[PDB]
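Everything on this sheet refers to the single structure shown next.
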Amino acid sequence: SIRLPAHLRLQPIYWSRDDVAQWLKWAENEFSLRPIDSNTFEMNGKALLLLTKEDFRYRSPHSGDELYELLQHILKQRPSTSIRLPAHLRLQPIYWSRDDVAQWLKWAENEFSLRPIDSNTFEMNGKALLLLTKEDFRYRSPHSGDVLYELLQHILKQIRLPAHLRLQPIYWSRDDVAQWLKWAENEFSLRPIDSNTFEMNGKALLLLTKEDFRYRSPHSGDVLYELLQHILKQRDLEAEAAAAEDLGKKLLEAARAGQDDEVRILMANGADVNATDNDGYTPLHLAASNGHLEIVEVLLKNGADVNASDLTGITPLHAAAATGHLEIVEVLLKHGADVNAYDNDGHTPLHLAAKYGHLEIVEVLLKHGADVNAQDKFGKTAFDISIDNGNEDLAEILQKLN
């Protein structure tokens with residue numbers, strides 16, 4: 001089994017800083033581990049539980065693997081988690097001022113016994129603190145950085161762009177780069193940085209690694225790199241949608257001309273499946289109106305709206321029924337096209353089929369439940385439309401159904 005001393009018998013969360021030091025000394029003796037400095041883990045039991053095995057490994061390369069697994073054994077035996085926040089820190093870390101971040105450091109040292117960290121170690125506001133990675137926390141404070149990061153993640157669980165800098169960072173000029181440093185300085189309450197430190201253009205700036213940012217500006221470097229990466233994620237998402245709306249317009253014309261191969265190519269690259277023109281037409285509208293049966297089926301597979309209405313109120317079923325494309329009607333009906341859809345003038349698909357004398361479509365519409373008694377704004381049923389046209393064949397089938 002596992003045997004523990006009396007002074008360490010208590011649960012690890014309640015351990016004092018001295019208890020944690022005695023645990024390392026006891027661990028080294030019991031397991032013949034390489035001698036460990038008492039200062040390697042200057043924290044209480046509550047802070048120790050926050051550490052991941054990675055942090056244990058980094059603090060002690062030789063015995064960090066064993067110490068973590070040994071601590072995990074103790075934790076299993078007993079059957080950090082609850083943190084009390086002061087009023088000034090009850091605000092969400094996003095809204096924290098730079099003074100709030102300094103107070104958070106002071107409270108963390110009191111709550112978890114930690115080596116004193118200067119307020120200038122994290123000279124930034126709450127927004128910048130969230131950007132920093134765990135490695136940045138360790139670099140700024142080796143003794144307490146990892147604990148602070150894990151503490152911040154627990155609190156969390158429990159980008160405005162200036163117009164002149166709206167453009168992509170690749171095209172940033174030398175003057176634009178300096179303004180980005182200034183705007184970031186006031187936005188994140190960073191320490192002011194000289195323009196000479198980053199004497200380069202936007203395309204030159206992108207080459208730099210994260211270490212280059214920390215070398216040129218120790219105080220604000222890591223924030224600036226993480227900020228630049230967030231912009232690129234924003235721009236990539238921004239430009240990806242602007243390219244999709246332009247490919248959607250190409251899909252509208254490609255679905256109008258019957259370009260089967262080009263439609264699949266545009267769809268594969270992210271063209272909008274439900275793109276709309278000025279008249280309100282979608283790629284499914286135009287393909288159905290012009291009888292491109294093959295294109296209609298691929299659009300349905302990619303998620304095009306079968307019952308979408310344009311500005312006039314005409315659904316794809318209306319266009320397919322009016323132009324006499326019987327095959328497309330059956331496919332649309334299968335994908336749950338509305339048989340009784342009304343356009344602005346009150347014409348159901350049955351009305352349009354009767355208006356242009358497509359007898360085969362009329363039978364299919366009546367079979368799928370199209371309303372015979374439905375009336376348009378002129379108070380005319382589909383049967384009435386056929387009488388004026390003179391289509392005796394269509395009229396006879398309608399006349400039978402009262």
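If you're wondering about the labels, chains in the structure tokens are A, B, ... by order shown, residues count from 1 in each chain, ligands from 1 in order shown.
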
Which of range 86-236 of chain A fall in alpha helix (DSSP H), as a ChimeraX atom specification: /A:98-111,126-131,134-140,145-157,174-187,202-207,210-216,221-236

Quick one: residues within 10 Å of residue 121 in chain A, only C-alpha atoms counted, chain neighbours fewer than 4 positions away excluded, as a ChimeraX atom specification? /A:102,105,117,137,139-141,219

Give me, as a VMD selection string, all polymer residues having an atom no more than 7 Å from range 341-343 of chain A, counting only C-alpha atoms and skipping those fewer than 2 positions away in the same chain. chain A and resid 312 to 314 338 to 339 345 to 348

For the selection you just gave me, I'd like the residues written to a file as an mmCIF file, in the first residue's frame, keeping N, CA, C and O atoms.
```cif
data_model
loop_
_atom_site.group_PDB
_atom_site.id
_atom_site.type_symbol
_atom_site.label_atom_id
_atom_site.label_comp_id
_atom_site.auth_asym_id
_atom_site.auth_seq_id
_atom_site.Cartn_x
_atom_site.Cartn_y
_atom_site.Cartn_z
ATOM 1 N N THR A 312 -40.836 38.221 -55.637
ATOM 2 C CA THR A 312 -42.190 38.070 -56.161
ATOM 3 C C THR A 312 -43.000 37.019 -55.409
ATOM 4 O O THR A 312 -44.225 36.973 -55.573
ATOM 5 N N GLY A 313 -42.353 36.174 -54.607
ATOM 6 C CA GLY A 313 -43.029 35.108 -53.894
ATOM 7 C C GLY A 313 -43.047 33.773 -54.600
ATOM 8 O O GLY A 313 -43.731 32.851 -54.135
ATOM 9 N N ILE A 314 -42.313 33.637 -55.698
ATOM 10 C CA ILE A 314 -42.301 32.417 -56.496
ATOM 11 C C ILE A 314 -41.256 31.467 -55.921
ATOM 12 O O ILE A 314 -40.079 31.823 -55.796
ATOM 13 N N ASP A 338 -43.435 22.784 -51.074
ATOM 14 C CA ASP A 338 -44.809 23.100 -50.710
ATOM 15 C C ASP A 338 -45.701 23.040 -51.944
ATOM 16 O O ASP A 338 -45.481 23.768 -52.918
ATOM 17 N N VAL A 339 -46.715 22.177 -51.893
ATOM 18 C CA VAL A 339 -47.618 22.025 -53.027
ATOM 19 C C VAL A 339 -48.608 23.182 -53.087
ATOM 20 O O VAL A 339 -49.088 23.535 -54.170
ATOM 21 N N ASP A 345 -49.322 37.201 -55.812
ATOM 22 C CA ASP A 345 -50.590 37.274 -56.525
ATOM 23 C C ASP A 345 -51.523 36.104 -56.225
ATOM 24 O O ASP A 345 -52.591 36.008 -56.839
ATOM 25 N N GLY A 346 -51.159 35.226 -55.294
ATOM 26 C CA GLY A 346 -52.061 34.171 -54.879
ATOM 27 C C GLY A 346 -52.116 32.948 -55.766
ATOM 28 O O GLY A 346 -53.051 32.151 -55.626
ATOM 29 N N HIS A 347 -51.162 32.772 -56.675
ATOM 30 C CA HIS A 347 -51.157 31.631 -57.580
ATOM 31 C C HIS A 347 -50.375 30.482 -56.958
ATOM 32 O O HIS A 347 -49.190 30.628 -56.640
ATOM 33 N N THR A 348 -51.042 29.349 -56.772
ATOM 34 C CA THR A 348 -50.356 28.132 -56.383
ATOM 35 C C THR A 348 -49.678 27.528 -57.609
ATOM 36 O O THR A 348 -49.961 27.928 -58.742
#
```

Could you check the closest approach to residue 280 in chain A for each of A:21, A:296, A:252, A:306 and tell me which residue wins, using only C-alpha atoms? A:252

Give me, as a PyMOL selection string, all polymer residues having an atom no more than 7 Å from residue 304 in chain A, counting only C-alpha atoms and skipping those fewer than 2 positions away in the same chain. chain A and resi 273-274+284+299-300+302+306

Take the selection from the previous step and output its residues with C-alpha atoms, as a short mmCIF file (atom, residue, chain, number, x, y, z; two decimals), in the first residue's frame.
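Resulting contents of out29.cif:
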```cif
data_model
loop_
_atom_site.label_atom_id
_atom_site.label_comp_id
_atom_site.auth_asym_id
_atom_site.auth_seq_id
_atom_site.Cartn_x
_atom_site.Cartn_y
_atom_site.Cartn_z
CA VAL A 273 -25.77 27.38 -51.56
CA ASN A 274 -28.56 29.89 -50.92
CA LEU A 284 -32.10 26.54 -57.10
CA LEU A 299 -28.00 21.81 -55.06
CA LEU A 300 -30.50 19.85 -52.98
CA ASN A 302 -25.68 20.63 -50.58
CA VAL A 306 -36.37 23.92 -51.49
#
```

Range 189-203 of chain A surroundings by only C-alpha atoms, 9 Å radius, close-in-sequence under 5 positions cut, as an MDAnalysis selection string: chainID A and resid 97:98 123:126 128 168:179 181:182 184 213 216:217 219:220 223

Based on the selection just made, write N, CA and C atoms of those residues as a CSV table (one decimal), in the first residue's frame.
```
chain,number,residue,atom,x,y,z
A,97,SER,N,-8.8,46.3,-15.1
A,97,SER,CA,-7.8,47.4,-15.4
A,97,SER,C,-6.4,46.8,-15.1
A,98,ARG,N,-5.4,47.6,-15.4
A,98,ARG,CA,-4.0,47.2,-15.1
A,98,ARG,C,-3.8,47.2,-13.6
A,123,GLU,N,2.5,44.1,-16.6
A,123,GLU,CA,2.1,45.5,-16.8
A,123,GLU,C,1.2,45.5,-18.0
A,124,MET,N,-0.1,45.2,-17.7
A,124,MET,CA,-1.1,45.1,-18.8
A,124,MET,C,-2.5,45.1,-18.2
A,125,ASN,N,-3.5,45.3,-19.0
A,125,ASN,CA,-4.9,45.2,-18.5
A,125,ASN,C,-5.4,43.7,-18.6
A,126,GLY,N,-6.6,43.5,-18.3
A,126,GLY,CA,-7.2,42.2,-18.3
A,126,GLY,C,-7.3,41.6,-19.6
A,128,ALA,N,-5.2,42.0,-22.2
A,128,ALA,CA,-3.9,41.5,-22.6
A,128,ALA,C,-3.6,40.2,-21.8
A,168,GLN,N,-5.5,44.1,-44.4
A,168,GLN,CA,-4.7,43.0,-44.0
A,168,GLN,C,-3.3,43.3,-43.5
A,169,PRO,N,-2.8,42.7,-42.5
A,169,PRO,CA,-1.4,43.0,-42.0
A,169,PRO,C,-0.3,42.9,-43.0
A,170,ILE,N,-0.5,42.1,-44.1
A,170,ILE,CA,0.5,41.9,-45.1
A,170,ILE,C,0.9,43.3,-45.8
A,171,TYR,N,-0.2,44.1,-46.0
A,171,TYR,CA,0.0,45.3,-46.7
A,171,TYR,C,0.3,46.5,-45.8
A,172,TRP,N,0.5,46.3,-44.5
A,172,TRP,CA,0.8,47.4,-43.6
A,172,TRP,C,2.1,48.0,-44.0
A,173,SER,N,2.1,49.4,-44.1
A,173,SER,CA,3.2,50.1,-44.3
A,173,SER,C,4.0,50.3,-43.0
A,174,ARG,N,5.2,51.0,-43.2
A,174,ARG,CA,6.1,51.2,-42.0
A,174,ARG,C,5.4,52.2,-41.1
A,175,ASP,N,4.6,53.2,-41.6
A,175,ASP,CA,3.9,54.1,-40.7
A,175,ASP,C,2.7,53.3,-40.0
A,176,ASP,N,2.0,52.4,-40.8
A,176,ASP,CA,0.9,51.7,-40.2
A,176,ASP,C,1.4,50.8,-39.0
A,177,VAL,N,2.6,50.2,-39.1
A,177,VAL,CA,3.1,49.4,-38.0
A,177,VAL,C,3.2,50.1,-36.7
A,178,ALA,N,3.8,51.4,-36.8
A,178,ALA,CA,4.0,52.2,-35.6
A,178,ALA,C,2.7,52.5,-35.0
A,179,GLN,N,1.6,52.8,-35.8
A,179,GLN,CA,0.3,53.1,-35.2
A,179,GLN,C,-0.3,51.9,-34.5
A,181,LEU,N,1.4,49.6,-32.9
A,181,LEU,CA,2.0,49.6,-31.6
A,181,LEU,C,1.4,50.6,-30.6
A,182,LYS,N,1.1,51.8,-31.1
A,182,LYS,CA,0.5,52.9,-30.3
A,182,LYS,C,-0.9,52.5,-29.9
A,184,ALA,N,-2.3,49.5,-29.8
A,184,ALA,CA,-2.2,48.4,-28.8
A,184,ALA,C,-1.8,48.8,-27.5
A,213,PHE,N,9.6,38.9,-30.8
A,213,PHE,CA,8.8,39.9,-30.1
A,213,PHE,C,9.3,40.1,-28.7
A,216,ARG,N,12.7,42.1,-28.8
A,216,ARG,CA,12.6,43.5,-29.1
A,216,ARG,C,11.9,44.3,-28.0
A,217,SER,N,10.8,43.7,-27.4
A,217,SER,CA,10.1,44.3,-26.3
A,217,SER,C,9.8,43.3,-25.2
A,219,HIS,N,8.7,43.9,-22.2
A,219,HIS,CA,7.5,44.2,-21.4
A,219,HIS,C,6.2,43.9,-22.1
A,220,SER,N,6.1,44.3,-23.4
A,220,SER,CA,4.8,44.1,-24.1
A,220,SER,C,5.0,43.1,-25.3
A,223,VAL,N,2.4,40.1,-25.7
A,223,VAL,CA,1.1,40.6,-26.0
A,223,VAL,C,0.9,41.0,-27.5
```

Write out as a count of residues only which residues come within 9 Å of range 10-14 of chain A when counting only C-alpha atoms, dropping same-chain ones fewer than 2 positions away. 18

Using only C-alpha atoms, the shortest atom-to-atom distance to residue 188 in chain A among A:227, A:247, A:27, A:320 belongs to A:227

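Compared by their closest atoms to residue 281 in chain A, and using only C-alpha atoms, the residues A:267, A:230, A:381, A:249 rank with A:249 nearest.
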
Fewer than 6 positions away in the same chain doesn't count, so skip those; otherwise give me all residues within 9 Å of residue 262 in chain A, counting only C-alpha atoms, as JSON, numbers by chain. {"A": [251, 254, 255]}

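Interatomic distance, CA of residue 263 in chain A against CA of residue 295 in chain A: 7.6 Å.
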
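Using only C-alpha atoms, the shortest contact distance between residue 353 in chain A and any of A:154, A:325, A:53, A:25 is found at A:325.
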
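Interatomic distance, CA of residue 244 in chain A against CA of residue 180 in chain A: 28.7 Å.
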